[PDB]
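1. no sequence on this one, just coordinates:
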């Protein structure tokens with residue numbers, strides 16, 4: 001309802017995870033500046049993992065890799081910058097707030 005409005009990260013992401021590293025909150029947003037630009041930030045133990053999503057050569061890249069998906073990887077965190085921690089679990093690409 002109030003998660004994906006068109007732009008929610010970098011500035012809004014903090015406006016939602018202001019807490020500074022709360023739960024596995026991840027949000028991806030389109031970059032009005034570009035036609036195929038997407039950005040998403042996740043929360044961690046006091047840390048904030050931000051990644052850039054750009055469409056390269058008819059491909060959808062996320063962070064520092066290329067995948068066949070762009071803003072759909074947040075639905076099933078497929079080959080997404082998602083990463084697991086010893087007892088922190090996978091940095092899952094979900095959504096903004098509950």
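-> That came through, no problem. Numbering: from 1, shown residues only.
2. for the protein, which strand is longest?
-> strand 48-56 (DSSP state E).
3. got the buried residues for it?
-> Going by neighbour count (16 or more other Cβ atoms under 10 Å), the buried part of strand 48-56 is 49, 51, 53-54. Every residue, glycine included, has its C-beta placed from N, CA and C.
4. try stretch 57-72
-> Going by 16+ other Cβ under 10 Å, stretch 57-72 has these buried residues: 60-62, 67, 69-71.
5. How about the secondary structure of residue 75?
-> Put simply, residue 75 is helix when judged by DSSP: H, G, I helix; E, B strand; the rest coil.
6. What is the burial count for it?
-> 12 (other Cβ atoms under 10 Å).
7. Which two among the buried residues of stretch 57-72 are spaced furthest apart?
-> Farthest pair in the buried residues of stretch 57-72 (Cβ to Cβ) is 61 and 71. Separation: 12.0 Å.
8. Check which element follows the longest helix along the chain along the chain.
-> Using DSSP state H to define each element, the chain has its longest helix at helix 12-17. Next helix or strand after helix 12-17 toward the C-terminus (DSSP states H and E): strand 26-30.
9. Distance from the chain centre to the next helix or strand after the longest strand of the chain, please.
-> Note on strand 48-56: by DSSP H and E, the next helix or strand toward the C-terminus is strand 59-62. Centroid displacement of strand 59-62 relative to its chain, using Cα atoms, centre = their mean, to the nearest Å, is 13 Å.
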